[PDB]
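Here's the structure we're looking at; comments come further down.
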Amino acid sequence: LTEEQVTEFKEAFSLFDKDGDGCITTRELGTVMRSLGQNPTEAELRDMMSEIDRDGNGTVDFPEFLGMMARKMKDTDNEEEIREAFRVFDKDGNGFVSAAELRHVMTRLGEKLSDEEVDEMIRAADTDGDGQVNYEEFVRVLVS
Ligand SMILES: [Ca+2]
Ligand SMILES: [Ca+2]
Ligand SMILES: [Ca+2]
Ligand SMILES: [Ca+2]
């Protein structure tokens, strides 16, 4: 992460760590959520904390909080990277990747494929039978 990002996350952490002791407990997470107009149960708060408490000591320190934010940012970036790739493959912007578009963009990526090979790729990913690859069909492949 950048210095900047670490700084914004340190500010956020400080808002949860009400007593300033360096860790966020389930009670402090309760106090933050109620201050936002929410009202979780104690079981729900233990469950939310469990997902972020990497070492299992029951509370969340700043390295664990930063690890949660870094993984959230990476998930958002991977999703954006796959969307951007789809928009680059869909050269005419109609929302579908055709066999001709896929053959052409693979050459830009350094792969010279035959029309039969690209047509096999289209049929493997084309789960609705329209002969083109739509965005969700593309995501399915890039996630497998
Ligand atoms: Ca604390
Ligand atoms: Ca911990
Ligand atoms: Ca297209
Ligand atoms: Ca399709």
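Starting from 1 in every chain, residues are counted up; chains themselves are A, B, ... following the order of the structure tokens, and ligands are numbered from 1 as listed.
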Show me which residues sit within 6 Å of ligand 1 when counting only C-alpha atoms and all ligand atoms, and put them as a PyMOL selection string. chain A and resi 17-25
Using only C-alpha atoms and all ligand atoms, which residues of the polymer chains come no farther than 9 Å from ligand 4? I'd like the answer as a ChimeraX atom specification. /A:96-97,122-123,125-137
Generate a file of the selected residues that holds N, CA, C and O atoms, formatted as an mmCIF file, in the first residue's frame.
```
data_model
loop_
_atom_site.group_PDB
_atom_site.id
_atom_site.type_symbol
_atom_site.label_atom_id
_atom_site.label_comp_id
_atom_site.auth_asym_id
_atom_site.auth_seq_id
_atom_site.Cartn_x
_atom_site.Cartn_y
_atom_site.Cartn_z
ATOM 1 N N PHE A 96 -20.824 -7.349 -26.487
ATOM 2 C CA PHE A 96 -20.591 -8.773 -26.757
ATOM 3 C C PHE A 96 -19.242 -8.925 -27.485
ATOM 4 O O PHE A 96 -18.942 -8.100 -28.348
ATOM 5 N N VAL A 97 -18.504 -9.957 -27.107
ATOM 6 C CA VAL A 97 -17.233 -10.257 -27.825
ATOM 7 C C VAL A 97 -17.547 -11.289 -28.887
ATOM 8 O O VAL A 97 -17.972 -12.419 -28.637
ATOM 9 N N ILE A 122 -15.023 -19.544 -28.277
ATOM 10 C CA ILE A 122 -16.338 -18.936 -28.247
ATOM 11 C C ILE A 122 -17.343 -20.062 -27.794
ATOM 12 O O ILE A 122 -18.126 -19.801 -26.865
ATOM 13 N N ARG A 123 -17.315 -21.220 -28.447
ATOM 14 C CA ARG A 123 -18.372 -22.173 -28.042
ATOM 15 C C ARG A 123 -18.171 -22.611 -26.616
ATOM 16 O O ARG A 123 -19.228 -22.847 -25.968
ATOM 17 N N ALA A 125 -17.211 -20.840 -24.106
ATOM 18 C CA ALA A 125 -17.639 -19.847 -23.116
ATOM 19 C C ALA A 125 -19.048 -19.409 -23.347
ATOM 20 O O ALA A 125 -19.674 -18.755 -22.469
ATOM 21 N N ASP A 126 -19.629 -19.688 -24.502
ATOM 22 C CA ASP A 126 -20.951 -19.164 -24.887
ATOM 23 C C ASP A 126 -22.160 -19.971 -24.306
ATOM 24 O O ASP A 126 -22.782 -20.745 -25.033
ATOM 25 N N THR A 127 -22.484 -19.702 -23.066
ATOM 26 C CA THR A 127 -23.454 -20.588 -22.376
ATOM 27 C C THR A 127 -24.889 -20.260 -22.709
ATOM 28 O O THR A 127 -25.745 -20.969 -22.235
ATOM 29 N N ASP A 128 -25.183 -19.238 -23.492
ATOM 30 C CA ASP A 128 -26.596 -18.972 -23.883
ATOM 31 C C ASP A 128 -26.859 -19.224 -25.365
ATOM 32 O O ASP A 128 -27.943 -18.875 -25.813
ATOM 33 N N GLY A 129 -25.824 -19.644 -26.088
ATOM 34 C CA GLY A 129 -25.993 -20.061 -27.487
ATOM 35 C C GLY A 129 -26.174 -18.980 -28.498
ATOM 36 O O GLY A 129 -26.656 -19.273 -29.650
ATOM 37 N N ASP A 130 -25.840 -17.728 -28.151
ATOM 38 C CA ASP A 130 -26.028 -16.642 -29.147
ATOM 39 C C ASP A 130 -24.823 -16.427 -30.089
ATOM 40 O O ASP A 130 -24.938 -15.547 -30.986
ATOM 41 N N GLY A 131 -23.791 -17.232 -29.891
ATOM 42 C CA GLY A 131 -22.595 -17.216 -30.708
ATOM 43 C C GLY A 131 -21.608 -16.118 -30.320
ATOM 44 O O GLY A 131 -20.624 -15.887 -31.048
ATOM 45 N N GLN A 132 -21.909 -15.392 -29.269
ATOM 46 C CA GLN A 132 -20.966 -14.329 -28.782
ATOM 47 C C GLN A 132 -20.743 -14.501 -27.303
ATOM 48 O O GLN A 132 -21.518 -15.196 -26.582
ATOM 49 N N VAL A 133 -19.677 -13.865 -26.807
ATOM 50 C CA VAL A 133 -19.397 -13.988 -25.368
ATOM 51 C C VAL A 133 -19.808 -12.667 -24.684
ATOM 52 O O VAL A 133 -19.273 -11.580 -25.014
ATOM 53 N N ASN A 134 -20.783 -12.757 -23.779
ATOM 54 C CA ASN A 134 -21.219 -11.582 -23.048
ATOM 55 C C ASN A 134 -20.375 -11.405 -21.772
ATOM 56 O O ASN A 134 -19.457 -12.210 -21.443
ATOM 57 N N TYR A 135 -20.588 -10.328 -21.069
ATOM 58 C CA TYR A 135 -19.720 -10.016 -19.924
ATOM 59 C C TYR A 135 -19.728 -11.079 -18.818
ATOM 60 O O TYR A 135 -18.702 -11.550 -18.395
ATOM 61 N N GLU A 136 -20.915 -11.512 -18.442
ATOM 62 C CA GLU A 136 -20.942 -12.517 -17.382
ATOM 63 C C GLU A 136 -20.298 -13.876 -17.853
ATOM 64 O O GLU A 136 -19.577 -14.533 -17.094
ATOM 65 N N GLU A 137 -20.463 -14.209 -19.134
ATOM 66 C CA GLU A 137 -19.856 -15.434 -19.733
ATOM 67 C C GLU A 137 -18.324 -15.278 -19.675
ATOM 68 O O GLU A 137 -17.595 -16.263 -19.346
#
```
Residues of chain A that have any atom at most 7 Å from an atom of ligand 3: could you tabulate them with the shortest-distance atom pair and the distance in Å to one decimal, using only C-alpha atoms and all ligand atoms, ordered by chain and increasing number, as CSV?
```
residue,atom,partner,partner_atom_place_in_ligand_line,distance
A:90,CA,ligand 3,1 (Ca),4.2
A:91,CA,ligand 3,1 (Ca),5.5
A:92,CA,ligand 3,1 (Ca),4.7
A:93,CA,ligand 3,1 (Ca),5.3
A:94,CA,ligand 3,1 (Ca),4.7
A:95,CA,ligand 3,1 (Ca),5.7
A:96,CA,ligand 3,1 (Ca),4.4
A:97,CA,ligand 3,1 (Ca),4.5
A:98,CA,ligand 3,1 (Ca),5.6
A:101,CA,ligand 3,1 (Ca),6.6
```
Show me a table, sorted first by chain and then by increasing residue number, of the residues of chain A having an atom at most 12 Å from ligand 2, each with its shortest atom pair and the distance in Å to one decimal, counting only C-alpha atoms and all ligand atoms and written as JSON lines.
```
{"residue": "A:22", "atom": "CA", "partner": "ligand 2", "partner_atom_place_in_ligand_line": "1 (Ca)", "distance": 10.6}
{"residue": "A:23", "atom": "CA", "partner": "ligand 2", "partner_atom_place_in_ligand_line": "1 (Ca)", "distance": 7.8}
{"residue": "A:24", "atom": "CA", "partner": "ligand 2", "partner_atom_place_in_ligand_line": "1 (Ca)", "distance": 8.8}
{"residue": "A:25", "atom": "CA", "partner": "ligand 2", "partner_atom_place_in_ligand_line": "1 (Ca)", "distance": 9.3}
{"residue": "A:26", "atom": "CA", "partner": "ligand 2", "partner_atom_place_in_ligand_line": "1 (Ca)", "distance": 11.3}
{"residue": "A:49", "atom": "CA", "partner": "ligand 2", "partner_atom_place_in_ligand_line": "1 (Ca)", "distance": 8.9}
{"residue": "A:50", "atom": "CA", "partner": "ligand 2", "partner_atom_place_in_ligand_line": "1 (Ca)", "distance": 8.8}
{"residue": "A:51", "atom": "CA", "partner": "ligand 2", "partner_atom_place_in_ligand_line": "1 (Ca)", "distance": 10.2}
{"residue": "A:52", "atom": "CA", "partner": "ligand 2", "partner_atom_place_in_ligand_line": "1 (Ca)", "distance": 7.7}
{"residue": "A:53", "atom": "CA", "partner": "ligand 2", "partner_atom_place_in_ligand_line": "1 (Ca)", "distance": 4.3}
{"residue": "A:54", "atom": "CA", "partner": "ligand 2", "partner_atom_place_in_ligand_line": "1 (Ca)", "distance": 5.5}
{"residue": "A:55", "atom": "CA", "partner": "ligand 2", "partner_atom_place_in_ligand_line": "1 (Ca)", "distance": 4.8}
{"residue": "A:56", "atom": "CA", "partner": "ligand 2", "partner_atom_place_in_ligand_line": "1 (Ca)", "distance": 5.3}
{"residue": "A:57", "atom": "CA", "partner": "ligand 2", "partner_atom_place_in_ligand_line": "1 (Ca)", "distance": 4.7}
{"residue": "A:58", "atom": "CA", "partner": "ligand 2", "partner_atom_place_in_ligand_line": "1 (Ca)", "distance": 5.6}
{"residue": "A:59", "atom": "CA", "partner": "ligand 2", "partner_atom_place_in_ligand_line": "1 (Ca)", "distance": 4.5}
{"residue": "A:60", "atom": "CA", "partner": "ligand 2", "partner_atom_place_in_ligand_line": "1 (Ca)", "distance": 4.4}
{"residue": "A:61", "atom": "CA", "partner": "ligand 2", "partner_atom_place_in_ligand_line": "1 (Ca)", "distance": 5.7}
{"residue": "A:62", "atom": "CA", "partner": "ligand 2", "partner_atom_place_in_ligand_line": "1 (Ca)", "distance": 9.0}
{"residue": "A:63", "atom": "CA", "partner": "ligand 2", "partner_atom_place_in_ligand_line": "1 (Ca)", "distance": 8.8}
{"residue": "A:64", "atom": "CA", "partner": "ligand 2", "partner_atom_place_in_ligand_line": "1 (Ca)", "distance": 6.6}
{"residue": "A:65", "atom": "CA", "partner": "ligand 2", "partner_atom_place_in_ligand_line": "1 (Ca)", "distance": 9.1}
{"residue": "A:66", "atom": "CA", "partner": "ligand 2", "partner_atom_place_in_ligand_line": "1 (Ca)", "distance": 11.8}
{"residue": "A:67", "atom": "CA", "partner": "ligand 2", "partner_atom_place_in_ligand_line": "1 (Ca)", "distance": 11.2}
{"residue": "A:68", "atom": "CA", "partner": "ligand 2", "partner_atom_place_in_ligand_line": "1 (Ca)", "distance": 11.7}
```
Keeping N, CA and C atoms, export the residues of the selection given above as a tab-separated table (two decimals), in the first residue's frame.
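This went into selection-v2.tsv:
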```
chain	number	residue	atom	x	y	z
A	22	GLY	N	-4.94	0.13	20.93
A	22	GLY	CA	-4.32	-0.54	19.82
A	22	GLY	C	-5.02	-1.74	19.24
A	23	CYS	N	-6.18	-2.06	19.83
A	23	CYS	CA	-6.97	-3.15	19.22
A	23	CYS	C	-8.42	-2.76	19.30
A	24	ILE	N	-9.17	-3.32	18.39
A	24	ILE	CA	-10.64	-3.10	18.32
A	24	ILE	C	-11.26	-4.38	18.93
A	25	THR	N	-12.06	-4.19	19.99
A	25	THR	CA	-12.78	-5.35	20.56
A	25	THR	C	-14.22	-5.46	19.97
A	26	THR	N	-14.86	-6.58	20.20
A	26	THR	CA	-16.25	-6.66	19.80
A	26	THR	C	-17.12	-5.58	20.38
A	49	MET	N	-16.09	-9.92	13.71
A	49	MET	CA	-14.70	-9.83	14.21
A	49	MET	C	-13.90	-11.08	13.80
A	50	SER	N	-14.50	-12.24	13.88
A	50	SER	CA	-13.81	-13.45	13.49
A	50	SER	C	-13.30	-13.45	12.12
A	51	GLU	N	-13.96	-12.77	11.22
A	51	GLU	CA	-13.50	-12.77	9.85
A	51	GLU	C	-12.23	-11.98	9.62
A	52	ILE	N	-11.93	-11.03	10.55
A	52	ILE	CA	-10.82	-10.07	10.38
A	52	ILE	C	-9.73	-10.41	11.35
A	53	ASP	N	-10.03	-11.13	12.42
A	53	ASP	CA	-9.04	-11.46	13.46
A	53	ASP	C	-8.15	-12.57	13.06
A	54	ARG	N	-7.08	-12.19	12.31
A	54	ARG	CA	-6.24	-13.23	11.76
A	54	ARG	C	-5.58	-14.15	12.77
A	55	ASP	N	-5.04	-13.63	13.86
A	55	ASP	CA	-4.31	-14.48	14.79
A	55	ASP	C	-5.24	-15.15	15.81
A	56	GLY	N	-6.52	-14.82	15.74
A	56	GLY	CA	-7.46	-15.51	16.69
A	56	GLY	C	-7.36	-15.13	18.14
A	57	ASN	N	-6.82	-13.96	18.43
A	57	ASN	CA	-6.70	-13.55	19.80
A	57	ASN	C	-7.97	-12.83	20.31
A	58	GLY	N	-8.93	-12.69	19.41
A	58	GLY	CA	-10.25	-12.14	19.78
A	58	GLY	C	-10.40	-10.68	19.47
A	59	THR	N	-9.34	-9.99	19.15
A	59	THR	CA	-9.49	-8.56	18.84
A	59	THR	C	-8.73	-8.29	17.51
A	60	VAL	N	-8.95	-7.06	16.98
A	60	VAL	CA	-8.36	-6.72	15.69
A	60	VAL	C	-7.37	-5.56	15.89
A	61	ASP	N	-6.10	-5.86	15.57
A	61	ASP	CA	-5.08	-4.79	15.72
A	61	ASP	C	-4.89	-4.11	14.37
A	62	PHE	N	-4.02	-3.11	14.36
A	62	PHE	CA	-3.93	-2.35	13.08
A	62	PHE	C	-3.39	-3.20	11.91
A	63	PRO	N	-2.38	-4.05	12.12
A	63	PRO	CA	-1.94	-4.89	10.98
A	63	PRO	C	-3.10	-5.71	10.48
A	64	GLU	N	-3.94	-6.29	11.32
A	64	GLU	CA	-5.12	-7.05	10.83
A	64	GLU	C	-6.09	-6.18	10.14
A	65	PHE	N	-6.34	-5.01	10.63
A	65	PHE	CA	-7.26	-4.08	9.96
A	65	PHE	C	-6.70	-3.69	8.64
A	66	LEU	N	-5.42	-3.38	8.53
A	66	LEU	CA	-4.83	-3.04	7.23
A	66	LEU	C	-4.91	-4.22	6.33
A	67	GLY	N	-4.71	-5.43	6.81
A	67	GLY	CA	-4.77	-6.62	5.92
A	67	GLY	C	-6.18	-6.71	5.35
A	68	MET	N	-7.22	-6.46	6.10
A	68	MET	CA	-8.65	-6.52	5.62
A	68	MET	C	-8.80	-5.49	4.55
```
Within region 14-117 of chain A, find each residue whose DSSP state, derived from the backbone, is strand (DSSP E or B), and express the selection as JSON, numbers by chain. {"A": [23, 24, 60, 61, 96, 97]}
Mind writing the picked residues with N, CA and C atoms as a compact mmCIF listing (two decimals), in the first residue's frame?
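Contents of part_33.txt, as written:
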```txt
# COMPACT_ATOMS: atom_id res chain seq x y z
N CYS A 23 -6.18 -2.06 19.83
CA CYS A 23 -6.97 -3.15 19.22
C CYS A 23 -8.42 -2.76 19.30
N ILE A 24 -9.17 -3.32 18.39
CA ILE A 24 -10.64 -3.10 18.32
C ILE A 24 -11.26 -4.38 18.93
N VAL A 60 -8.95 -7.06 16.98
CA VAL A 60 -8.36 -6.72 15.69
C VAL A 60 -7.37 -5.56 15.89
N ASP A 61 -6.10 -5.86 15.57
CA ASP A 61 -5.08 -4.79 15.72
C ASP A 61 -4.89 -4.11 14.37
N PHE A 96 -20.82 -7.35 -26.49
CA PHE A 96 -20.59 -8.77 -26.76
C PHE A 96 -19.24 -8.92 -27.48
N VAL A 97 -18.50 -9.96 -27.11
CA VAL A 97 -17.23 -10.26 -27.82
C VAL A 97 -17.55 -11.29 -28.89
```
Length of the CA of residue 82 (chain A) to CA of residue 107 (chain A) vector [Å]: 18.4 Å
Using only C-alpha atoms, which of A:12, A:105, A:43, A:85 sits nearest residue 139 (chain A)? A:85
Using only C-alpha atoms for the distances, tell me which of A:79, A:87, A:5, A:110 is nearest to residue 143 (chain A).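 Nearest candidate to residue 143 (chain A) out of A:79, A:87, A:5, A:110: A:79.
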